[PDB]
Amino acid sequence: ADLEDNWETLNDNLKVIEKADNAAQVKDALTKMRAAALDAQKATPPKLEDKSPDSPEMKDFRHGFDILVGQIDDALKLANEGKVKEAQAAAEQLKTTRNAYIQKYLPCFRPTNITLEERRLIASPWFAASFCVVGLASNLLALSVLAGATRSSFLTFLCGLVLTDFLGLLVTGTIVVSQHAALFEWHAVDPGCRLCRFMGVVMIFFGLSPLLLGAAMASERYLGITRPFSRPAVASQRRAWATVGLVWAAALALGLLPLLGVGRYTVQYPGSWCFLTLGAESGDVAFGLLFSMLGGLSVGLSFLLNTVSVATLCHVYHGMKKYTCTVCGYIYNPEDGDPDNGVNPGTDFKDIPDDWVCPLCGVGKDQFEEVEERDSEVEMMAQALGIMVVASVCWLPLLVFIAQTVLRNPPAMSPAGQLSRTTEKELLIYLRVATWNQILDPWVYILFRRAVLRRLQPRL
């Protein structure tokens, strides 16, 4: 069987000896442990794949189980000699040796060339905690100033983004801080592989969600500015919240792919976080590219839609009084007229006769609305730009790096799962750069407001 299964069998039976009241029930738990230890001895741990069956690393691996079986047999002798508390004492020693001989070989853990000294130097739980507190305080501030500001689709997406950033920092931040406080010894926080896999799912979820929500904001702006105006309705707010839920569900489904067998979550340098494995295996390539293509496309789509929206706002919030066809969105521009249909440039919409129709869809003047300049639309366009700039600067270096690592001609990662120290050190840098998106998205909303500008112009 798999190492993880034998590991579970071992722990399940350790709690059994712990609760146990007689020698016979301690004996059965100890017998199951011996079979699980002998079973685990035959296993090939992924971090020893390139190593030959008779290599030093494999000899030390198989030897660990001789030590475990020897400790099981020492507790079995104690149980067969009727001594209950003596066999429970010798069995509790296996909780320490299971960490030495099983824990480090679990699928979470790839091989690393990090020393105990390098770990003591990087470990900074107070720096990390302070930095999370700043991020959470920023997101609580945005939510607070959003509460005092009604049924808009843009603010719905923005509220989704702030709640995602806040929660992201809280969940992943507390795992990061715990790992720094434990000097990156995962067994101290959670023995086994469960916390690591939870960390990975939640890293993808809170990595993809702000990016997808940023693209949702660019889409709302584009449809809102290009198509005729519609007063923020309860239905539009409802539709925007349903969309935030679909985005969250899509980001969650994506994070669950390694649990379904597409990709894999492993502990990453310095040992404070888990993420997709930057390997050359089919699943590592597919999941790594799926994550980077999804994030890349979100930022790219945001760029395309925002440039069209800014250009539309500029052209529309200047010049003569414009009118839009509330059927196709055609904008009657007095500067141009409609000369092929008798309207020379300069003709104000009011001077166009009753029997003129839209040159795009052919409906009458009755279907035309005045294009009204709203400061709120400018405020929202500025905020959508701020969010797009923040995701470009913070998320793109990481997204490009993931895709580049996963696609490297000679593989970036060894068969055992080892990356070079420079690859690990860069991944940490880009991951740290990406964290700032969760800290800065609330500030774009806090700072890019008319009230902030009105209280800055005289104070500058």
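A residue's number is simply how far along the shown sequence it sits, counting from 1.
Undergrad: Can you tell me how many deposited residues have no coordinates between residue 242 and residue 243? The categories are none, 1 to 3, 4 to 9, and 10 or more.
TA: Per the deposited record, the segment joining residue 242 and residue 243 has no missing residues.
Undergrad: Taking the recorded C-alpha temperature factors, which stretch has the higher mean, 359-367 or 162-170?
TA: Between 162-170 and 359-367, it is 359-367 that shows the higher mean C-alpha B-factor.
Undergrad: Would you determine, from the values in the PDB entry, which of 435-443 and 448-456 has the greater average C-alpha temperature factor?
TA: If you average the C-alpha B-factors of 448-456 and of 435-443, the larger mean comes out for 448-456.
Undergrad: According to the Cα B-factor stored in this entry, which of the following is highest: 257, 247, 147, 100?
TA: That would be 147.
Undergrad: Per the PDB entry, which option out of 377, 284, 220, 86 has the greatest Cα B factor?
TA: Largest recorded C-alpha B-factor: 86.
Undergrad: Check where residue 315 lands among this chain's C-alpha B-factors and tell me if it's the lowest, middle or highest third.
TA: Highest third of the chain for residue 315's C-alpha B-factor.
Undergrad: Comparing against every modelled residue in the chain, figure out the third that the C-alpha B-factor of residue 157 lands in (lowest, middle or highest).
TA: Answer is lowest: the recorded C-alpha B-factor places it there.
Undergrad: Check where residue 332 lands among this chain's C-alpha B-factors and tell me if it's the lowest, middle or highest third.
TA: As the PDB entry reports it, the C-alpha B-factor of residue 332 lands in the lowest third of its chain.
Undergrad: Sorting the chain's modelled residues by C-alpha B-factor, tell me whether residue 237 ends up in the lowest, middle or highest third.
TA: Ranked within chain, residue 237 CA B lands in the lowest tercile.
Undergrad: Taking only the Cα B-factors deposited for this chain, tell me whether residue 40 sits in the lowest, middle or highest third.
TA: Middle third.
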